[PDB]
Every structure is written in C-alpha cells, then in structure tokens.
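In the block that follows, a single chain appears as structure tokens, in the form deposited in one PDB entry.
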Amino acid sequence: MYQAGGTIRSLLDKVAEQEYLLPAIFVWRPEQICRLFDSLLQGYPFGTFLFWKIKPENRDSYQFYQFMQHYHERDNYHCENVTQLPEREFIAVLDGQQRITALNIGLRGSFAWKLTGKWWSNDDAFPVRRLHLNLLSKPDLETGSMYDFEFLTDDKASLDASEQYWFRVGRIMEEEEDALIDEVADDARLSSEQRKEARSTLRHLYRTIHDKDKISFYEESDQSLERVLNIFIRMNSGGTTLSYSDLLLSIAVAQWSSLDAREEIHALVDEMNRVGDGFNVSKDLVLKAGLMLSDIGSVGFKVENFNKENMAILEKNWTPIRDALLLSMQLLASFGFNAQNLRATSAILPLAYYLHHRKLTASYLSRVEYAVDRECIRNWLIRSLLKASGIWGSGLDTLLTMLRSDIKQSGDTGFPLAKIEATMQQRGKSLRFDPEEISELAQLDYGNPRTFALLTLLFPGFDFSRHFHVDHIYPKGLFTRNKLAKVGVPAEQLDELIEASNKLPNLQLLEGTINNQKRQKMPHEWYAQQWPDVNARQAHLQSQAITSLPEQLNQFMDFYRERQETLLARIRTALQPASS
C-alpha cells in the first residue's frame, strides 16, 4: 500500500505502543539529530519510508527490536528487545530506521554521551541530556541553521540564558499546545517583543509535529514484500548516494593517468593501518595530506580543491607523498602510539609534511644524528595531544598552512620547534598549560589515551618502540569494596580509594608485558625482593616519583597524596615552554 501523508505524532505514538518495530539487523551523533530537527522545521521533506506488515500468525516467526529512546554511550547503545509484542497486525520498519530513531530520541528520549577527555570509568562523564529548542533562534548564516536545537542537561537549560529562551522539545508530546503557549505568554522574564517571537516558534514546532503530513510510507505483507521493496528501491534513492567523503574520492581519482588511483589510495591506507600495533586512519586524511604535501594553497577538504590541475600535481608527487605518510606512522609507532591511544589523526599532517620536506627515509628512526630531532618532535606531539581539546579541532586548516610555512622556512636545520610553538600561540592554540589543566592531567585514569602519553613524557628512558605498559603501583586487584572494608578502610572512604587507585598517582610505566607476579603482591613486597640493596631500591623508586611505599592499604591515600604532589611538580616543569 501507499500512505502519502501522516504526522510525526501519529508515527511516534505507534513507536510508543511498540506497533512500529525494527527487524534484527547504530545511532547518529547528537549534532546530526539536531540538524535533522532544524531541517524539518525549515521545510526539508522526508523521503518515503518502507514498512513490512507482520500478521499475527507471524508475531513469533522473527526477532524484533524496539526503537532506541534513551541512548547512553556506555550503558544503552544497543536496541532493546520487544516487551509489548502486539497481538494484532503490526509493522517492522525496513527503510526509515535512523530518521525514526532520531525523531524518537529528540521527541521522547535522551542522549548521554561521554564528555571530552574523560574516561569510561568516570560516572559523571555521561550527563543525561534532552533535545531543546531556542524559541528565540536567529538565523546563523555560517551553519545555514535557522533554528538552534541542542541537547542540554536540565541545568544548562534552566540557567538564565541571556537573549535565549530554551524549550524542551519533548514537552510537545506531553502537554497541549494551549498550556505551552500560555506558559510562554505568562513568563515575565521575556520582553513583549521576545514573547511574540517565542510564541510563533513554539507554534511552528508544535504544528510541524502535529498538523503537517510529513511522513509517507509503503506498507506491504510477506507475499508482495519482494515486489514493492524492489519498486521502492527503483523509484527512491536505491543505489545509495555517495557521501561527501566518497564524492571527493571519486572526483579526485577521476583525474589520474594511473588506471587505479582508487587502488593506490586504499593500499596506502591499509598499509598505514598495519604499521606497528595498528592504526585507524581514513582515506580523508590521505587526500588532505595529498593537498598539504603538494604545497596546494588550500588544504580544505572541499571538492573544488580536487580539480584536475591539483590532482595532476598530486599524482606527480604521489611516491614521495606515500613515503612520507608511511614514515609518519612508523615514527608514531616508534613513540608507542597505536589506534587506541592516538586521539587526533590530524596531527599526522605536519609530521608527514616535515618528513616529506627533509626527504627523510626509514633511517631517520635509527641514526643517532637524528635522535635529538626525533625526541623534539615526540615532546611537541605529546604536549599537543595532552590538551583535552582546542588544538586539532576547529581552526585546523589555517593552523596547517601556517605550520607548513614554518617547516618550509626551516630548510634542513631540523624540526622548527620554537617557530611552531609561536605559530600555535598566535592562533589561540598555545601549548602552555594553566594550573587547572595541570590538575586535570594529574588525575588521568588508567586507560585514558592521554595517560600513557603523559607518562612517557614524565618518565622517558624506555625504548618506546619496544614493548611497555602502564601498570598500577598498588595493584588494581587489591581494590574491591569487600577486600578494603576488612583492612579497616571506613565504609565511606571505600569508593574514594577505588576511584583513586585507577588514577595517575598510582600509575607507572613498565618495560615489557604484564607481569602477573607483580600484580599479586603489595608494591613494597615486590620491590623489596627485586631490589635487595636498599640504596638501589630508593634510587629506582625515586626515579619513578615514589618516595615511600606504605605497607597497608589503610595508608594508600597518604601515598596517593604524596605522589600526586610530586607528579604535579614534575608535570609543571615538563609542560613549561623553553625560551631564549
């Protein structure tokens, strides 16, 4: 069947009573849910959906799932199983799943994502947020946004937003339009001009969902599913549309006399990703690096930059360029980076420009004449990566072309560290750390990608190309609620000790792989038998910012505070910028 128009309200009511379901076959980023609601209010139409009608004889023939509603990046990213399996004929959605999920999360659910820089262990790193609309939206002529939608905690919404009036979008499914419009009219915090504007935005939102025929679908049973599914694919977007990424790639490879630049680019990606313990770089990175290493004026990942003259330059230099790219990954692996602990792939671009510039080869990793230069790059890269945010995000393209001029100007004197650091300061991307950034670094968690990076900056000396790991000084296994309450730790200090045992003051770098006999002893026990000479012992331990090793867990927080103090100092000096 064809249904040419239903409301979003009718659609979501069916989702609510589990009459629209999913067959057993992910979710969008919050920013994309917001772009959908903005596009919806602006008037962009939905494409048609496709629904498979399940008769009651078949309720049990197949496994069905429920549309995602309250998304939690940690605790609920999988679709929930059906709980109210209908006993009348119902629907499984074959096309429309992600648009319907976003509608459902925005209007009936929530989104809890991990805060930037925090670790999965942290429980206050996943604040629950709900979709909100700023009833006083004004056209942002940069994003093309007409309505400002945003996922907000309850308190960032309720705060006095100056010039803003935030409205929880889901209220239009819970209250009548009259009650909501009256709330806005009766709010004395709005001016009369603001009240008029808030009112027509709230009406526009309410009625887009409740009055406008936005939803169209085909609806078919088992018997003719095959035929209409084919019709549906034929007449709508059947052969999937290229993303912008894949469009640039196709346009870019079109300009190459090599009969398969597509194959050259994939071989390079997979090669790069097999380096060391594995990386995860994309073809986007390779194409942008193409633009950057060929001295193209713009490194913007934009279709206009992949015209035939620029792709002619890129093809000419493809061998130097894939050589530098591949040597960039080998440098990174030689520092200990892999796919799990490299947060910003864009940092590869200036590294690769440098290696490509000086025409370096894999001997750059061994010869001693380079060791000082290799160490200067490592320190710079790690510091850039220790920033929670604000270095390799927004503003990248202008940062990259300025860093490129600095590297160009350096001839073969080596990595131009002072110049680079000044360019970054000039751009609002200083590698200077302020005291609260320092405190944040000193409480990093085991497994956070910045943690090993920080440790290899604080305690250099290992061959980071060889095996090494981060270990707990007081083994993490000793720290459970049961075990601790019997050594006497008060019941209220129990969660404090457990959280602290997993953080930087209890962390160290160790050569080799995980030692299982170290992890079953108290640290003073383990170090007394590995270092019988009491003087060696206290020099080794001191090299690791370990002064003492209390013999009972009851005194762990004394140890923690003491080493936290030493690490704060060591972090300060390590992150202090040189001068001349």
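In this text, residue numbers run from 1 along the sequence as written. Rigid core here is just the name for the largest C-alpha set that superposes within 1.5 Å across the two forms.
Unresolved deposited residues lying between neighbours residue 25 and residue 26 = Going from residue 25 to residue 26, the model skips 1 to 3 residues of the deposited sequence.
According to the deposited model, is the average Cα temperature factor higher in 116 to 124 or in 197 to 205?
-> Per the PDB entry, the higher value belongs to 116 to 124.
Got a sec? Mean C-alpha B-factor, which is higher, 300 to 308 or 258 to 266?
-> That would be 258 to 266.
Between 104, 158, 451, 110, which carries the biggest CA temperature factor in the record?
-> Answer for 104, 158, 451, 110: 158, with the highest C-alpha B-factor.
Have a look at 150, 315, 471, 174 and flag the one whose Cα has the highest B-factor in the entry.
-> That would be 315.
Quick one: classify residue 520 as lowest, middle or highest third of the chain based on its Cα B-factor.
-> Highest third, going by the recorded CA B-factors of the chain.
B-factor third for the C-alpha atom of residue 223 within its chain = For residue 223, whose C-alpha B-factor we compare with every modelled residue in the chain, the answer is the highest third.
What third of its chain's C-alpha B-factors does residue 38 belong to: lowest, middle or highest?
-> As the PDB entry reports it, the C-alpha B-factor of residue 38 lands in the lowest third of its chain.
Among modelled residues of the same chain, the CA temperature factor third for residue 395 | Middle third by C-alpha B-factor.
So where's residue 546 on the chain's Cα temperature factor ranking, which third?
-> According to the entry, residue 546 has a C-alpha B-factor in the chain's middle third.
Omitted from view is the form deposited in another entry, to which the following refers.
Does residue 12 show a Cα shift reaching 2 Å between this form and the one not shown after rigid-core superposition?
-> Shift at residue 12: 2 Å or more after core fit.
Comparing between this form and the one not shown on the rigid core: C-alpha of residue 554 shifted by 2 Å or more?
-> No, its C-alpha moves less than 2 Å.
Could you tell me whether residue 241 and residue 285 have their C-alpha atoms closer or farther apart in the other entry than in the shown form, knowing the shift is 3 angstroms or more?
-> Relative to the displayed form, residue 241 and residue 285 draw closer in the other entry - a change of at least 3 Å between their C-alphas.
Pair residue 74/residue 340, Cα separation in the other entry versus the displayed form, closer or farther by 3 angstroms or more | Farther apart, which means the C-alphas of residue 74 and residue 340 are at least 3 Å more distant in the other entry.
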